[PDB]
Each structure stands twice: as structure tokens, then as C-alpha cells.
Amino acid sequence: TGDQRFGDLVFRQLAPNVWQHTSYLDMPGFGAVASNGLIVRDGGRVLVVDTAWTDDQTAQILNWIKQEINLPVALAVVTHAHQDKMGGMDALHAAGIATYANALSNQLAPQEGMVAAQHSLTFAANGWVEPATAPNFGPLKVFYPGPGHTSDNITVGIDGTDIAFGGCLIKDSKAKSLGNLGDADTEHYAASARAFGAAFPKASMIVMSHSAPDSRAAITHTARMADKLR
Ligand SMILES: C[C@H](CS)C(=O)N1CCC(CC(=O)O)CC1
Ligand SMILES: [Zn+2]
Ligand SMILES: [Zn+2]
């Protein structure tokens, strides 16, 4: 429990079968930026949400899983086509892991400097993933909340836990800004943040890319800040 340093990465147990992975990249004007994703054990397999920033860091996530869990990684899903979430796709492919992203993330990946995932998720008009596109996802419940941080951003709840992951859409309850809005839909952000909250009403622990886990005040605060963009 608590933070475990493993090379240049940090791992933190959040629930009996859920860990947060954290990796860092220098960005001028922002410093060494943390990005979080998730590792979930579902019976005899492991599921990953988001890569680390780089292939080397992502291979270290797989090394941590080997050491600490020692079960095969059945699949990975990534939450949009920016480097913090998709930068390590080649490491997953080298390891033989099946990879999934929003169809739109895969379409955008080359222009964003990313390698596409192998499989494309599609979404119903109400935002829930079309189940045939997310086979064998076990407790991962994938939801497209609308355009926000990016047009392609997706979110993931973990069935059987109190955890939902907002990726880079959600910031914590004390954040001063919405971060990188360069690819954002400023008109729709607030609604998208609120739709994430409404999709996962029982999630009391909100995990996000660039803050430590928080309560649902992360959602309300993020949406209230995004009201300013309209
Ligand atoms: C590469 C990523 C893709 S979301 C990015 O653009 N940034 C990292 C996060 C910072 C905001 C922060 O430090 O919390 C903005 C810049
Ligand atoms: Zn992003
Ligand atoms: Zn990000």
C-alpha cells in the first residue's frame, strides 16, 4: 500500500485488485509531469488502462506486473491520442498484448505522433461502448462522455470497486486550471465532465491523469471550471 518506487515509476495500490501506475516526462513550462494510469487484476489476467509516456517506461510497467502479480496481461485500453496515454503502444505490441482505443484515437494517432492501437472501440449515441468492440474487458466499463479535453477522450469505470478513471478530462478538486486545452472542445467540456460523473454514479474514488486520486469533488470542480470556458 502507499507509494512504491520501481525504477523511475511509482505504483500505488488503490483496491485489492487495482493499482495506479505513474510515470514522468519533462515538459518546458510544466516541469517533470506525472501521468497516471491503472492496472487491474481480473481473476487470472491483468488489464491495463493507459501506457506510460514512453516505450521504455511502459516496458517497466510490464516488468512491475511480472514481479508483483505474475499473470498475463490480456489487454490494454488507452484513453486518448496524446503521449501520456498512448506513448508506449510499441512496448505493448512487443509484449504481445492486445490493444484498444476509441476509433477516433486510432484515426488521430499518426498525426499526433502515436502508434495506433490494434482494435477500435465504437460508442452508442448515449456514450457507452458498443460491447462487441470491447470483448473480454471483464470489469472495465468504457464510456465516451462527449468531447472535452480532446474530441476522442474516453473514461473507464471498474465494476466491483468504487473507482472510476477520468483520464485527462478530470482534474482534482484543488486544481487551478484545466491544463492543456489545445485540443479541447471548450463549449462542451463542462457537459462532458458531468456526463462522466453521471455514467459512474457509485464511484467514490476518481482517478485521473495529472492529479492523485480524489473524491467526486474532482468532477464537480472540473465541471465548474469548465463552465468558465463557455
Ligand atoms: C502531453 C500532455 C497530454 S494531456 C500535455 O499536453 N500536458 C501534460 C499535463 C499538463 C498539465 C499538468 O501539468 O497538469 C499540460 C500539458
Ligand atoms: Zn491529453
Ligand atoms: Zn494528459
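Residues numbered from 1 in each chain as written, not as in the entry; some residues may be left out. Chains lettered and ligands numbered in written order. Heavy atoms only, no water.

Each helix and strand counted, the protein chain has six helices and twelve strands in total. For the protein chain, whose C-alpha radius of gyration is 16 Å, the value lies close to the compact-globule estimate of 17 Å for 230 residues. The C-alpha extent of the protein chain, read off along each of the three principal axes, is 45 × 40 × 35 Å. Within the protein chain, buried positions represent 51% of all 230 residues. Counting every atom, the protein chain has about 9900 Å² of accessible surface; 51% of that belongs to carbon and sulfur. For the protein chain, the distance from the average site of its 16 positive side-chain charges to the average site of its 21 negative ones is 10 Å. (Helix = DSSP H or I, 4+ residues; strand = E, 2+ residues; numbered from the N terminus. Rg over C-alpha atoms; globule rule 2.2 N^0.38 Å. Buried < 20%, exposed > 50% of the residue type's maximum accessible area, 1.4 Å probe, protein only. Areas by Shrake-Rupley, 256 points an atom, 1.4 Å probe, with all protein chains shown as cover. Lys, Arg positive; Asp, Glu negative; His and termini not counted. Charge placed at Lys NZ, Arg CZ, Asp CG, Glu CD.)

A word on the UniProt feature "binding site: substrate" in the protein chain. Here, UniProt's "binding site: substrate" annotation points to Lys171 and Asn180. Residues from the annotated list that form part of the lining of the largest pocket: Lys171 and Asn180. Residue placement: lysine 171 occurs in the loop between β11 (163–165) and α5 (189–199). Setting aside residues no more than four positions away along its own chain, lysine 171 makes contact with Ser177, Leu178, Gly179, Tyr189, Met208, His210, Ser211, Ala218 and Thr222. Reaching out from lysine 171, the side chain makes a polar contact with the backbone oxygen of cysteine 168 at a distance of 2.9 Å. Following the sequence through the fold, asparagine 180 ends up in the loop between β11 and α5. With residues up to four places along the chain from it excluded, the contact list for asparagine 180 reads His82 and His149. (UniProt positions renumbered as here; feature names shortened; annotations may be inferred. 1 Å grid on protein atoms, 1.4 Å probe; cavity = no way out; pocket = protein on both sides within 12 Å on 5 of 7 lines; lining within 4 Å. Contact = heavy atoms within 4.5 Å. Polar contact = N/O pair within 3.5 Å; in protein donor to acceptor, adjacent residues only side chain to side chain.)

Attention shifts here to the UniProt feature "binding site: Zn(2+) 1" in the protein chain. UniProt's feature table lists "binding site: Zn(2+) 1" at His80, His82 and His149, given in the numbering used throughout. Spatially, the listed residues are clustered: although they cover 70 residues, their C-alpha atoms lie within 10.6 Å of one another. Among the annotated residues just listed, those lining the largest pocket are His80, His82 and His149. At 3.4 Å, the side chain of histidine 149 forms a polar contact with the side chain of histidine 82.

Looking now at the pairing of strand β10 (residues 155–158). Residues of β10 alternate between two faces, with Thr155 and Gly157 on one and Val156 and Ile158 on the opposite face, all of them buried. Pairing between strand β9 (residues 140–143) and β10: four bridges, direction antiparallel. Bridge pairing links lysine 141 to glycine 157 in β10. Linking two consecutive strands that pair antiparallel, namely β10 and β11, is a turn of four residues; a positive phi of about 85° is found at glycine 160 within it. (Pairing = 2+ DSSP bridges.)

Okay, the sheet that holds strand β12 (residues 205–207) next. Within a beta sheet, neighbouring strands are joined by backbone hydrogen bonds and run either parallel or antiparallel to one another. Strand order in the open sheet formed by four strands is β9-β10-β11-β12, with mixed pairing between adjacent strands. The sheet is open, and its two borders are formed by β9 and β12, each paired with just one other strand. Adjacent strand axes in the sheet meet at a mean angle of 20° when their direction is disregarded. Against the sheet, α5 touches β9, β10, β11 and β12, its axis set at about 150° to β9. (Axes fitted to C-alpha atoms, helices over the stretch in contact; angles between N-to-C directions.)

What follows deals with the site of ligand 1. For ligand 1, the full set of nearby residues is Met27, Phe30, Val33, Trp53, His82, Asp84, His149, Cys168, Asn180 and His210. For ligand 1, whose unbound accessible area comes to 420 Å², protein coverage reaches 82%. Assessed atom by atom at 2 Å from the grid points, ligand 1 resides in the largest pocket. For the shell around ligand 1, the residue count by class is five nonpolar, four polar and one charged. (Near = heavy atom within 4 Å. Sits in = over half its atoms within 2 Å of the grid points. Nonpolar A, V, L, I, M, F, W, Y, C, P; charged D, E, K, R; others polar.)

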